[PDB]
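Q: Take this structure, written in structure tokens, and hold onto it; I'll ask about it next.
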Amino acid sequence: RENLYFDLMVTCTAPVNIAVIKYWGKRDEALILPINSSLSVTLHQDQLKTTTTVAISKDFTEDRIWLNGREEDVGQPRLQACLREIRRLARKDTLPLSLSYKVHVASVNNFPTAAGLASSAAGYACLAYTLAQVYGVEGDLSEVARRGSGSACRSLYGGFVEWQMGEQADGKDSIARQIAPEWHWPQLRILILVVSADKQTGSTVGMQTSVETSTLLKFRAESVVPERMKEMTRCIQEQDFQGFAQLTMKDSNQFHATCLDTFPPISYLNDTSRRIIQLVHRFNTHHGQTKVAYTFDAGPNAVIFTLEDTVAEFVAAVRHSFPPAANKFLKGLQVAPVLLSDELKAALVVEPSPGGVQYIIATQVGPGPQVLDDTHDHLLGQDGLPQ
Amino acid sequence: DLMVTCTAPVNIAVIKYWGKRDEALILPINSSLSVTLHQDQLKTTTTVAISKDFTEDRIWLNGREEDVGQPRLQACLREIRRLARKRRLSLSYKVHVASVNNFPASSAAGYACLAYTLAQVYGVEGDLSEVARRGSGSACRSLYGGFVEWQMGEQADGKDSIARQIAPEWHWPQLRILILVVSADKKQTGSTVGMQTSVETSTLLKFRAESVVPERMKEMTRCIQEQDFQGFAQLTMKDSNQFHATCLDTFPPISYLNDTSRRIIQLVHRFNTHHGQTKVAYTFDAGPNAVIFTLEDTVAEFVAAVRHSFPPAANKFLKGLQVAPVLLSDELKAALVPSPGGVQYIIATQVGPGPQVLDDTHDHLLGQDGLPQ
């Protein structure tokens with residue numbers, strides 16, 4: 001039977017990432033090419049992860065996709081571009097047989113919806129990576145992930161990751177690369193403060209309105225970001241927390257400034273976001289040092305960076321300024337509670353905001369996508385349908 | 001022994017002043033352009049009395065005595081007294097000054113009124129921009145009626161950093177202004193200290209002042225000259241958002257708009273979309289209150305929309321100019337949002353004249369003794 005000339009199911013996981021130098025605005029809407037480079041921190045899959053199973057079989061009648069147990073239209077443009085690009089690269093042996101088969105894709109994630117995380121970024125990084133497994137595609141997959149969602153390319157790598165905007169109109173150099181591994185800065189901690197607040201402007205549609213109407217955005221991309229990429233890279237390389245934190249806050253605030261300069265304006269921060277920002281600055285002022293950073297994506301949730309040794313105290317300050325309407329306040333990494341000094345208490349807001357923060361997801365820097373090797377991990381049954 | 005009482009208007013910048021190039025002389029990083037609001041609805045009243053009997057300068061605001069040694073107050077008094085001698089006993093007289101206003105802008109009308117009233121008492125003729133500006137930068141814009149530019153000036157001595165009227169108050173008689181006073185909120189950074197932080201830390205601010213505002217001044221001027229409401233409206237909203245963007249880009253950031261401001265912004269865009277044209281514009285100063293510009297024929301409808309989206313708390317919602325109420329169409333209601341008591345009340349007004357000397361029909365804010373009555 002070895003003398004004759006010539007199904008597969010693979011399940012992978014992928015991380016979410018948080019941009020510290022923000023992507024906002026495309027120079028090419030079709031190829032998903034950005035007006036500036038971006039830089040993010042990959043969060044640990046121990047706490048947050050997308051899982052995707054890809055099966056191919058000679059028996060599958062059609063291409064079919066599910067997200068969190070619900071079937072979605074296989075024909076979505078971003079999804080079609082992703083699949084087209086992985087097939088292109090694979091061609092760029094069982095391979096032809098493999099390609100002849102319809103695909104069945106099923107994915108899930110463990111992100112609370114209120115968490116407002118980039119499910120799309122992790123989702124397309126996982127899709128690209130799992131398709132690459134199925135089709136035996138070696139080398140960088142940025143071009144595949146990016147077509148699904150721009151920032152998805154940054155979830156292809158662990159640690160600290162840059163998406164290089166690229167110079168080429170075909171997008172071949174618009175790719176992600178690791179700046180430093182997830183073991184580079186083990187003391188770094190990330191706290192996602194999920195706020196009680198809500199339909200936000202879609203970031204795809206929104207950022208294109210900004211490209212069209214914000215003059216500050218153009219100045220930002222042309223004259224600010226390239227040099228910021230370099231400073232932020234150096235802070236990360238040097239484990240310079242104060243430099244990292246200051247640049248992180250500034251680039252977040254600048255991004256939201258360009259949203260406000262958009263016509264009509266886009267506003268993601270709310271009054272709770274603004275109270276979190278004030279808490280962060282007050283906490284730092286009390287310590288006389290930059291101990292904590294915030295950054296905000298396309299919504300009001302605050303993403304906090306701090307060092308392991310500051311986590312307990314800062315969580316106590318959050319509880320003080322936003323007395324929680326839950327006893328389960330801290331999800332993910334646990335730290336023993338600590339009491340705030342009288343001096344810090346009086347430096348914080350006199351009138352707190354009970355329930356402003358729904359809960360905190362506590363996590364750390366983590367690895368890139370991973371292949372799962374357990375039979376039971378597959379989100380599709382033998383039939384190639386969800387279980 | 002002379003007592004004079006004048007009033008001065010508030011003004012709303014449509015091309016925003018934000019950031020000084022010279023903190024001492026109060027010279028701005030860009031020119032600004034404002035609409036003078038009518039003193040029949042909003043005004044500062046100031047009485048100045050001059051006498052041999054007064055041993056020291058004394059000043060009251062809204063019934064409360066204030067420290068005359070305030071740097072801005074001293075700068076204003078110094079400049080007027082310098083000019084008083086130039087035009088010419090009384091150059092050595094001390095003054096008692098009392099002012100009141102009907103406000104929820106304030107320092108602009110306050111210093112425009114002080115400069116104007118001191119000029120009356122001291123007999124000072126000609127442009128008072130520099131006197132008012134030294135008290136508060138935007139105060140020079142309240143010296144003229146209608147549509148007024150504060151020209152940033154090219155001279156280091158600041159003598160050409162002055163206000164000039166672009167068009168008089170009768171130029172665009174259909175224009176109306178609604179101030180939406182939002183429910184009380186905690187006060188964010190003061191604007192003098194705040195804008196200086198922006199000069200020190202915002203890169204977007206430098207680009208704005210150098211590369212955006214000079215062109216917008218010209219575009220705005222043209223829209224005003226042509227009574228082009230849609231052009232005027234779009235620029236007004238854009239420049240307000242840009243101003244607040246540079247605040248967000250400051251380190252640490254300054255955020256004057258709140259969730260209510262945000263909801264008013266969304267009401268304006270939805271209202272305009274429903275109508276298929278720009279009917280209404282917003283602009284915000286250094287706080288969450290919305291200033292709305294619209295034409296006379298749209299006021300009633302828009303007031304009804306505000307009422308709908310922000311149901312008033314139970315206890316007169318429309319102050320100032322009165323317009324008969326209308327009901328919103330089902331189509332518009334459906335297109336809008338709501339927030340109960342978000343808006344405390346609305347002040348409606350129109351474009352108005354510069355400062356005015358009051359006749360003796362009105363009582364002075366000081367009695368015969370030169371003290372508040």
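A note on labels: chains of the structure tokens are A, B, ... as shown, every chain counts residues from 1, and ligands are counted from 1 in their shown order.
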Please tabulate, as CSV, the residues of chain A that come within 7 Å of chain B, each with its closest pair of atoms and the distance in Å to one decimal, counting only C-alpha atoms and ordering rows by chain, then residue number upward.
A:
```
residue,atom,partner,partner_atom,distance
A:216,CA,B:204,CA,6.3
A:250,CA,B:251,CA,6.9
A:253,CA,B:249,CA,5.4
A:254,CA,B:249,CA,4.9
A:257,CA,B:245,CA,4.2
A:258,CA,B:245,CA,6.6
A:260,CA,B:245,CA,5.5
A:261,CA,B:242,CA,4.9
A:263,CA,B:238,CA,6.7
A:270,CA,B:259,CA,6.1
A:271,CA,B:259,CA,6.1
```
Q: Print the selection's residues with N, CA, C and O atoms to a file, as a PDB file, in the first residue's frame.
A:
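The result, written out as selection-v8.pdb:
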```pdb
ATOM      1  N   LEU A 216      -4.927  65.881  12.983  1.00  0.00           N
ATOM      2  CA  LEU A 216      -4.023  65.445  14.044  1.00  0.00           C
ATOM      3  C   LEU A 216      -3.577  64.009  13.840  1.00  0.00           C
ATOM      4  O   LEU A 216      -2.416  63.712  14.094  1.00  0.00           O
ATOM      5  N   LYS A 250       0.917  58.278  27.324  1.00  0.00           N
ATOM      6  CA  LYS A 250       0.909  59.314  26.254  1.00  0.00           C
ATOM      7  C   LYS A 250       0.365  58.803  24.924  1.00  0.00           C
ATOM      8  O   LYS A 250      -0.399  59.506  24.256  1.00  0.00           O
ATOM      9  N   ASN A 253      -3.429  58.322  25.249  1.00  0.00           N
ATOM     10  CA  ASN A 253      -4.142  59.600  25.274  1.00  0.00           C
ATOM     11  C   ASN A 253      -4.122  60.244  23.886  1.00  0.00           C
ATOM     12  O   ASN A 253      -5.130  60.819  23.434  1.00  0.00           O
ATOM     13  N   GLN A 254      -2.984  60.114  23.196  1.00  0.00           N
ATOM     14  CA  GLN A 254      -2.915  60.650  21.817  1.00  0.00           C
ATOM     15  C   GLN A 254      -3.866  59.995  20.823  1.00  0.00           C
ATOM     16  O   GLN A 254      -4.515  60.682  19.996  1.00  0.00           O
ATOM     17  N   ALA A 257      -7.202  61.240  21.543  1.00  0.00           N
ATOM     18  CA  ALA A 257      -7.244  62.615  21.039  1.00  0.00           C
ATOM     19  C   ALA A 257      -7.563  62.644  19.534  1.00  0.00           C
ATOM     20  O   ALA A 257      -8.385  63.437  19.088  1.00  0.00           O
ATOM     21  N   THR A 258      -6.949  61.762  18.752  1.00  0.00           N
ATOM     22  CA  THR A 258      -7.298  61.712  17.322  1.00  0.00           C
ATOM     23  C   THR A 258      -8.730  61.248  17.048  1.00  0.00           C
ATOM     24  O   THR A 258      -9.311  61.648  16.030  1.00  0.00           O
ATOM     25  N   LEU A 260     -11.226  61.997  19.055  1.00  0.00           N
ATOM     26  CA  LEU A 260     -11.991  63.219  19.336  1.00  0.00           C
ATOM     27  C   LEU A 260     -11.875  64.275  18.231  1.00  0.00           C
ATOM     28  O   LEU A 260     -12.839  65.019  17.998  1.00  0.00           O
ATOM     29  N   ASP A 261     -10.722  64.303  17.552  1.00  0.00           N
ATOM     30  CA  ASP A 261     -10.481  65.188  16.399  1.00  0.00           C
ATOM     31  C   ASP A 261     -11.123  64.696  15.090  1.00  0.00           C
ATOM     32  O   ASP A 261     -11.066  65.403  14.076  1.00  0.00           O
ATOM     33  N   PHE A 263     -14.298  63.712  12.574  1.00  0.00           N
ATOM     34  CA  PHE A 263     -15.594  64.338  12.323  1.00  0.00           C
ATOM     35  C   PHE A 263     -16.546  63.387  11.575  1.00  0.00           C
ATOM     36  O   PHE A 263     -16.250  62.992  10.440  1.00  0.00           O
ATOM     37  N   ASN A 270     -15.195  56.943  28.826  1.00  0.00           N
ATOM     38  CA  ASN A 270     -16.325  57.560  29.510  1.00  0.00           C
ATOM     39  C   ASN A 270     -15.907  58.165  30.868  1.00  0.00           C
ATOM     40  O   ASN A 270     -14.703  58.265  31.190  1.00  0.00           O
ATOM     41  N   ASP A 271     -16.889  58.587  31.663  1.00  0.00           N
ATOM     42  CA  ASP A 271     -16.564  59.221  32.933  1.00  0.00           C
ATOM     43  C   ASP A 271     -15.845  58.266  33.875  1.00  0.00           C
ATOM     44  O   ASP A 271     -15.008  58.706  34.635  1.00  0.00           O
TER      45      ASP A 271
END
```
Q: Which neighbours of residue 81 in chain B fall inside 9 Å, counting only C-alpha atoms, when residues of the same chain fewer than 2 positions from it are skipped, and could you give them as an MDAnalysis selection string?
A: chainID B and resid 76:79 83:86 91 118:119 122
Q: Please identify all polymer residues within 12 Å of residue 167 in chain A, counting only C-alpha atoms, omitting same-chain residues fewer than 2 positions from it, and present them as a ChimeraX atom specification.
A: /A:27-28,33-37,164-165,169-175
Q: What are the DSSP strand (DSSP E) residues of range 67-289 of chain A, as JSON, numbers by chain?
A: {"A": [67, 70, 71, 72, 103, 104, 105, 106, 107, 108, 109, 160, 161, 162, 163, 176, 177, 178, 179, 180, 188, 189, 190, 191, 192, 193, 194, 195]}
Q: Keeping only N, CA, C and O atoms, write the selected residues as a CSV table (one decimal), in the first residue's frame.
A:
```csv
chain,number,residue,atom,x,y,z
A,67,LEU,N,-18.5,30.2,15.4
A,67,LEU,CA,-17.9,31.0,16.5
A,67,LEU,C,-18.7,31.0,17.7
A,67,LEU,O,-19.9,31.4,17.7
A,70,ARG,N,-22.1,29.1,17.4
A,70,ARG,CA,-23.0,29.6,16.4
A,70,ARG,C,-22.3,29.6,15.0
A,70,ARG,O,-21.2,30.2,14.8
A,71,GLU,N,-23.0,29.1,14.0
A,71,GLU,CA,-22.6,29.1,12.6
A,71,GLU,C,-22.6,30.5,12.0
A,71,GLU,O,-23.6,31.2,12.1
A,72,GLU,N,-21.5,30.9,11.4
A,72,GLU,CA,-21.5,32.2,10.8
A,72,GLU,C,-21.3,32.0,9.3
A,72,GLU,O,-20.9,31.0,8.8
A,103,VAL,N,-13.3,23.0,4.2
A,103,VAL,CA,-12.9,23.2,5.6
A,103,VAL,C,-14.1,23.4,6.5
A,103,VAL,O,-15.0,24.2,6.2
A,104,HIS,N,-14.0,22.9,7.7
A,104,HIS,CA,-14.9,23.1,8.8
A,104,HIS,C,-14.1,23.7,9.9
A,104,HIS,O,-13.2,23.1,10.5
A,105,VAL,N,-14.5,24.9,10.3
A,105,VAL,CA,-13.8,25.7,11.4
A,105,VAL,C,-14.7,26.0,12.5
A,105,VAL,O,-15.8,26.4,12.3
A,106,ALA,N,-14.2,25.7,13.7
A,106,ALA,CA,-15.0,26.1,14.9
A,106,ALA,C,-14.0,26.7,15.9
A,106,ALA,O,-13.0,26.2,16.2
A,107,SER,N,-14.5,27.9,16.5
A,107,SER,CA,-13.6,28.5,17.5
A,107,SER,C,-14.5,29.1,18.6
A,107,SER,O,-15.6,29.3,18.5
A,108,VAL,N,-13.8,29.2,19.8
A,108,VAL,CA,-14.4,29.7,21.0
A,108,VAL,C,-13.3,30.5,21.7
A,108,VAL,O,-12.1,30.4,21.3
A,109,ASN,N,-13.7,31.4,22.6
A,109,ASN,CA,-12.8,32.0,23.5
A,109,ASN,C,-13.3,32.1,24.9
A,109,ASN,O,-14.5,31.9,25.1
A,160,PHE,N,6.8,40.8,23.5
A,160,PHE,CA,6.6,42.2,23.0
A,160,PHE,C,6.8,42.2,21.5
A,160,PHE,O,7.9,41.7,21.0
A,161,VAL,N,5.9,42.7,20.8
A,161,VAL,CA,5.7,42.5,19.4
A,161,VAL,C,5.4,43.8,18.6
A,161,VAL,O,4.6,44.6,19.0
A,162,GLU,N,6.1,44.0,17.5
A,162,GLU,CA,5.9,45.1,16.6
A,162,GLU,C,5.1,44.7,15.4
A,162,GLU,O,5.5,43.7,14.8
A,163,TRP,N,4.1,45.4,15.0
A,163,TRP,CA,3.7,45.3,13.6
A,163,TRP,C,4.3,46.4,12.8
A,163,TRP,O,4.0,47.6,13.0
A,176,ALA,N,4.5,41.3,11.4
A,176,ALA,CA,4.9,41.4,12.8
A,176,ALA,C,6.2,40.7,13.0
A,176,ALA,O,6.5,39.7,12.3
A,177,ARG,N,6.9,41.1,14.0
A,177,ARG,CA,8.1,40.5,14.5
A,177,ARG,C,8.2,40.7,16.0
A,177,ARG,O,7.8,41.8,16.5
A,178,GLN,N,8.8,39.7,16.7
A,178,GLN,CA,9.0,39.8,18.1
A,178,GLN,C,10.2,40.7,18.4
A,178,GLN,O,11.2,40.7,17.8
A,179,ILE,N,10.0,41.6,19.4
A,179,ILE,CA,11.0,42.6,19.8
A,179,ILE,C,11.7,42.0,21.0
A,179,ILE,O,12.9,42.1,21.2
A,180,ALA,N,10.9,41.3,21.9
A,180,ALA,CA,11.5,40.6,23.0
A,180,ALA,C,10.5,39.5,23.4
A,180,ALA,O,9.3,39.6,23.3
A,188,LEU,N,6.4,42.1,34.9
A,188,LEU,CA,5.4,42.9,34.3
A,188,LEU,C,4.0,42.2,34.4
A,188,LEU,O,3.8,41.0,34.2
A,189,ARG,N,3.1,43.0,34.9
A,189,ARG,CA,1.7,42.6,35.1
A,189,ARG,C,0.7,43.5,34.4
A,189,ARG,O,0.9,44.7,34.2
A,190,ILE,N,-0.4,42.9,34.0
A,190,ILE,CA,-1.5,43.6,33.3
A,190,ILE,C,-2.8,43.3,34.0
A,190,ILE,O,-3.1,42.2,34.3
A,191,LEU,N,-3.5,44.4,34.2
A,191,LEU,CA,-4.8,44.4,34.9
A,191,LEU,C,-5.8,45.0,34.0
A,191,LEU,O,-5.8,46.2,33.7
A,192,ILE,N,-6.8,44.2,33.6
A,192,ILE,CA,-7.9,44.8,32.8
A,192,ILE,C,-9.1,45.2,33.7
A,192,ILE,O,-9.7,44.3,34.3
A,193,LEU,N,-9.4,46.5,33.8
A,193,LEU,CA,-10.5,47.0,34.6
A,193,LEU,C,-11.7,47.1,33.7
A,193,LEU,O,-11.7,48.0,32.8
A,194,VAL,N,-12.6,46.2,33.9
A,194,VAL,CA,-13.8,46.1,33.1
A,194,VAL,C,-14.9,47.0,33.7
A,194,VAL,O,-15.3,46.9,34.9
A,195,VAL,N,-15.3,48.0,32.9
A,195,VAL,CA,-16.1,49.1,33.5
A,195,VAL,C,-17.6,48.9,33.1
A,195,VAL,O,-17.9,48.2,32.1
```
Q: Could you give me, as a PDB file with C-alpha atoms, in the first residue's frame, the residues within 12 Å of residue 373 in chain A, counting only C-alpha atoms and dropping anything in the same chain fewer than 5 positions from it?
A:
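Output saved as part-v9.pdb:
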```
ATOM      1  CA  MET A   9      -8.129  17.927  12.432  1.00  0.00           C
ATOM      2  CA  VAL A  10      -5.932  20.328  14.405  1.00  0.00           C
ATOM      3  CA  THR A  11      -6.729  22.512  17.403  1.00  0.00           C
ATOM      4  CA  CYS A  12      -4.686  25.529  18.428  1.00  0.00           C
ATOM      5  CA  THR A  13      -4.921  28.367  20.890  1.00  0.00           C
ATOM      6  CA  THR A  53     -10.250  23.645  15.573  1.00  0.00           C
ATOM      7  CA  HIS A 378     -11.074  19.431  19.356  1.00  0.00           C
TER       8      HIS A 378
END
```
Q: Could you check the closest approach to residue 267 in chain A for each of A:237, A:327, A:293, A:202 and tell me which residue wins, using only C-alpha atoms?
A: A:202
Q: Please identify all polymer residues within 12 Å of residue 288 in chain A, counting only C-alpha atoms, omitting same-chain residues fewer than 5 positions from it, and present them as a PyMOL selection string.
A: chain A and resi 242+281-283+344
Q: Applying 12 Å and only C-alpha atoms, which residues near residue 341 in chain A remain after dropping the ones on its own chain fewer than 5 positions away? List them as number ranges by chain.
A: A: 283, 286-287, 313-314, 316-317, 320, 346-348
Q: Put those residues in a file: C-alpha atoms, as a CSV table (one decimal), in the first residue's frame.
A:
```csv
chain,number,residue,atom,x,y,z
A,283,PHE,CA,-1.3,56.9,42.8
A,286,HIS,CA,1.7,59.9,45.9
A,287,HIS,CA,4.6,57.5,45.3
A,313,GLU,CA,-1.5,48.0,46.5
A,314,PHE,CA,-2.9,49.2,43.3
A,316,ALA,CA,-6.5,48.0,46.9
A,317,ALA,CA,-6.6,51.6,45.5
A,320,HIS,CA,-11.0,52.3,47.4
A,346,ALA,CA,-6.4,60.8,51.5
A,347,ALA,CA,-4.5,61.4,48.2
A,348,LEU,CA,-7.2,59.4,46.4
```
Q: I'd like the neighbourhood of residue 243 in chain A as a list in words, where a residue qualifies if any of its atoms comes within 10 Å (using only C-alpha atoms), though same-chain residues fewer than 4 positions away should be ignored.
A: residues 231, 232, 234, 235, 236, 238, 239, 247, 248 and 290 of chain A
Q: Enumerate, as a ChimeraX atom specification, the complete set of residues in range 200-240 of chain A that a backbone-based DSSP assignment places in helix (DSSP H, G or I).
A: /A:203-213,215-237
Q: Since we have the selection now, will you write its residues out, keeping N, CA, C and O atoms, as a compact mmCIF listing (two decimals), in the first residue's frame?
A:
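Dumped everything to again_5.txt:
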```
# COMPACT_ATOMS: atom_id res chain seq x y z
N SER A 203 -14.28 49.85 15.21
CA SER A 203 -12.97 50.42 14.94
C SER A 203 -12.57 50.42 13.46
O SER A 203 -11.90 51.33 13.01
N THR A 204 -13.02 49.44 12.68
CA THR A 204 -12.74 49.45 11.24
C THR A 204 -13.34 50.70 10.57
O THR A 204 -12.64 51.50 9.96
N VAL A 205 -14.66 50.86 10.71
CA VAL A 205 -15.35 52.03 10.16
C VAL A 205 -14.82 53.31 10.82
O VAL A 205 -14.50 54.27 10.13
N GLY A 206 -14.70 53.29 12.15
CA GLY A 206 -14.26 54.47 12.88
C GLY A 206 -12.89 54.97 12.43
O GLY A 206 -12.75 56.16 12.13
N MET A 207 -11.89 54.09 12.37
CA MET A 207 -10.53 54.56 12.05
C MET A 207 -10.45 55.12 10.63
O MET A 207 -9.61 55.97 10.36
N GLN A 208 -11.30 54.62 9.73
CA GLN A 208 -11.29 55.17 8.38
C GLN A 208 -11.89 56.60 8.37
O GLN A 208 -11.40 57.47 7.65
N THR A 209 -12.95 56.83 9.14
CA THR A 209 -13.43 58.22 9.34
C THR A 209 -12.32 59.11 9.89
O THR A 209 -12.17 60.25 9.45
N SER A 210 -11.52 58.61 10.82
CA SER A 210 -10.38 59.39 11.34
C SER A 210 -9.37 59.69 10.23
O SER A 210 -8.86 60.82 10.14
N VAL A 211 -9.02 58.69 9.43
CA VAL A 211 -8.09 58.94 8.31
C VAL A 211 -8.63 60.04 7.41
O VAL A 211 -7.90 60.93 6.98
N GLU A 212 -9.94 60.00 7.16
CA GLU A 212 -10.58 60.98 6.27
C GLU A 212 -10.65 62.40 6.85
O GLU A 212 -10.61 63.37 6.10
N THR A 213 -10.75 62.53 8.18
CA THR A 213 -11.17 63.83 8.77
C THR A 213 -10.27 64.41 9.88
O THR A 213 -10.41 65.58 10.22
N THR A 215 -6.91 65.84 11.07
CA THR A 215 -5.57 66.34 10.69
C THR A 215 -4.51 65.97 11.72
O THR A 215 -3.34 65.77 11.38
N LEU A 216 -4.93 65.88 12.98
CA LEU A 216 -4.02 65.45 14.04
C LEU A 216 -3.58 64.01 13.84
O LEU A 216 -2.42 63.71 14.09
N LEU A 217 -4.48 63.13 13.38
CA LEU A 217 -4.08 61.75 13.06
C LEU A 217 -2.91 61.68 12.04
O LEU A 217 -1.97 60.88 12.19
N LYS A 218 -2.98 62.50 11.02
CA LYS A 218 -1.93 62.52 9.99
C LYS A 218 -0.61 62.95 10.55
O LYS A 218 0.43 62.35 10.22
N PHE A 219 -0.65 63.99 11.39
CA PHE A 219 0.55 64.45 12.07
C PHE A 219 1.11 63.38 13.01
O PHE A 219 2.33 63.13 13.05
N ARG A 220 0.23 62.79 13.81
CA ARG A 220 0.60 61.67 14.66
C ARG A 220 1.35 60.59 13.83
O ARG A 220 2.45 60.23 14.19
N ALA A 221 0.75 60.09 12.75
CA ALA A 221 1.35 58.96 12.03
C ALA A 221 2.66 59.35 11.38
O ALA A 221 3.62 58.56 11.36
N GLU A 222 2.71 60.56 10.82
CA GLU A 222 3.88 60.98 10.08
C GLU A 222 5.05 61.38 10.97
O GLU A 222 6.19 61.09 10.63
N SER A 223 4.75 62.10 12.05
CA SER A 223 5.78 62.84 12.80
C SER A 223 5.98 62.38 14.23
O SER A 223 7.01 62.69 14.84
N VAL A 224 5.02 61.65 14.78
CA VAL A 224 5.13 61.19 16.16
C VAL A 224 5.48 59.70 16.28
O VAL A 224 6.45 59.32 16.98
N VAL A 225 4.70 58.85 15.61
CA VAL A 225 4.82 57.39 15.88
C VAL A 225 6.20 56.77 15.54
O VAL A 225 6.73 55.98 16.35
N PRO A 226 6.78 57.11 14.37
CA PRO A 226 8.04 56.43 14.05
C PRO A 226 9.09 56.55 15.14
O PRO A 226 9.76 55.54 15.46
N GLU A 227 9.25 57.76 15.69
CA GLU A 227 10.22 57.98 16.77
C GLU A 227 9.77 57.35 18.10
O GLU A 227 10.59 56.80 18.83
N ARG A 228 8.46 57.38 18.39
CA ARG A 228 7.92 56.70 19.56
C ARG A 228 8.16 55.19 19.55
O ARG A 228 8.36 54.59 20.62
N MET A 229 8.09 54.58 18.36
CA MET A 229 8.35 53.14 18.21
C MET A 229 9.75 52.80 18.72
O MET A 229 9.94 51.81 19.44
N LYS A 230 10.70 53.66 18.38
CA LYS A 230 12.09 53.50 18.79
C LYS A 230 12.30 53.69 20.30
O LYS A 230 13.07 52.93 20.92
N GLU A 231 11.68 54.72 20.86
CA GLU A 231 11.78 54.97 22.31
C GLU A 231 11.16 53.84 23.10
O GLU A 231 11.72 53.37 24.07
N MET A 232 9.98 53.39 22.68
CA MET A 232 9.26 52.34 23.38
C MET A 232 10.05 51.02 23.32
O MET A 232 10.11 50.28 24.29
N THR A 233 10.62 50.73 22.15
CA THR A 233 11.47 49.56 21.98
C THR A 233 12.63 49.59 22.97
O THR A 233 12.91 48.59 23.65
N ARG A 234 13.30 50.73 23.07
CA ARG A 234 14.40 50.83 24.00
C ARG A 234 13.96 50.65 25.48
O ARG A 234 14.62 49.95 26.24
N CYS A 235 12.83 51.26 25.87
CA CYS A 235 12.31 51.10 27.24
C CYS A 235 12.05 49.64 27.54
O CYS A 235 12.38 49.15 28.62
N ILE A 236 11.47 48.94 26.57
CA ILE A 236 11.16 47.53 26.76
C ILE A 236 12.45 46.71 26.88
O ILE A 236 12.58 45.86 27.80
N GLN A 237 13.40 46.96 25.98
CA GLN A 237 14.68 46.24 25.99
C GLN A 237 15.39 46.41 27.32
O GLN A 237 15.93 45.42 27.89
```
Q: Which residue out of B:183, B:11, B:34, B:47 has the minimum interatomic distance to residue 365 in chain B when only C-alpha atoms are used?
A: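 Closest to residue 365 in chain B, using only C-alpha atoms: B:47.
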Q: Quick one: of B:225, B:273, B:301, B:350, who's nearest to residue 329 in chain B, counting only C-alpha atoms?
A: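 Among the listed residues, the smallest separation from residue 329 in chain B belongs to B:301.
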Q: CA of residue 360 in chain B to CA of residue 132 in chain B: how many Å, to one decimal?
A: 25.3 Å
Q: Taking only C-alpha atoms into account, name the residue in B:96, B:141, B:275, B:319 that is nearest to residue 353 in chain B.
A: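 Among the listed residues, the smallest separation from residue 353 in chain B belongs to B:141.
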